[PDB]
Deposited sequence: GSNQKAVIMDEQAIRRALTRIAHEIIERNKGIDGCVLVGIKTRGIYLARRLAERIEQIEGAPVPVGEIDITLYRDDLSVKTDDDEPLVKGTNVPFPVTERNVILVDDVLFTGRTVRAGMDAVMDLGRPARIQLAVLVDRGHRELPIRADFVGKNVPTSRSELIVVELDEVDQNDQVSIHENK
């Protein structure tokens, strides 16, 4: 095990991502955040808080539930959605903690597309660890973390582990 981001690094990466989202969309008009799974939902909320602070207006947040990577043959499935607003003609930013193969994000993208025809779908992740297996990229990235295939990235968030931290495990 080793620690690769601490609470401060995380706070700092999220704050920069928020500015980038506002910058790239010329304000938050028409933007919604949709979080993926538990940790993604927590990050999307954090991102929404910060953007409200910065711009003075709130950002809607939505949820998508997808099967687990960890706690094993797999192909991830959307269990459910909780998006209580329209997505058509909106700029939807998916949020997740780690981008690995990209297969989870693709399922989240499909779920949004079943709900509506958004203008744009964008992606924000806290960690991009490589090993992509689909042609998918994040628009906003907190840290690029190289890894070997056998390593694991674990993101601890305050809302459930009571410390904010990112670390690598050898497996």
(message) Please report every deposited-sequence interval that has no C-alpha in the structure, sorted by position.
(response) 1-4, 76-81, 182
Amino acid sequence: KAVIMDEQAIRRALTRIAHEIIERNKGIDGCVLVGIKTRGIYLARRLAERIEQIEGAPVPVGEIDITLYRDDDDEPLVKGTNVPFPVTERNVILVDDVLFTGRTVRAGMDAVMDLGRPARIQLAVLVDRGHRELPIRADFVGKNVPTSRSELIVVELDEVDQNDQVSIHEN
From here on, numbers count along this sequence of modelled residues.
(request) Would you mind comparing 50-58 and 115-123 for me and telling me which has the higher average C-alpha temperature factor in the entry? (result) 50-58
(request) Using the B-factors recorded in the PDB entry, average over the C-alpha atoms of 124-132 and of 29-37, then report which stretch comes out higher. (result) 29-37
(message) Maximum C-alpha temperature factor per the entry, among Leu68, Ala44, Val105, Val145, belongs to which one?
(response) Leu68
(request) Determine, from the deposited record, the chain-internal third of the Cα B-factor for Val95: lowest, middle or highest. (result) lowest
(request) Give the position of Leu152 by CA B-factor within its chain, expressed as the lowest, middle or highest third. (result) middle
(request) Quick one: classify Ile22 as lowest, middle or highest third of the chain based on its Cα B-factor. (result) middle
(message) Looking at the temperature factor on the CA atom of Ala13, which third of the chain's modelled residues does it land in?
(response) lowest
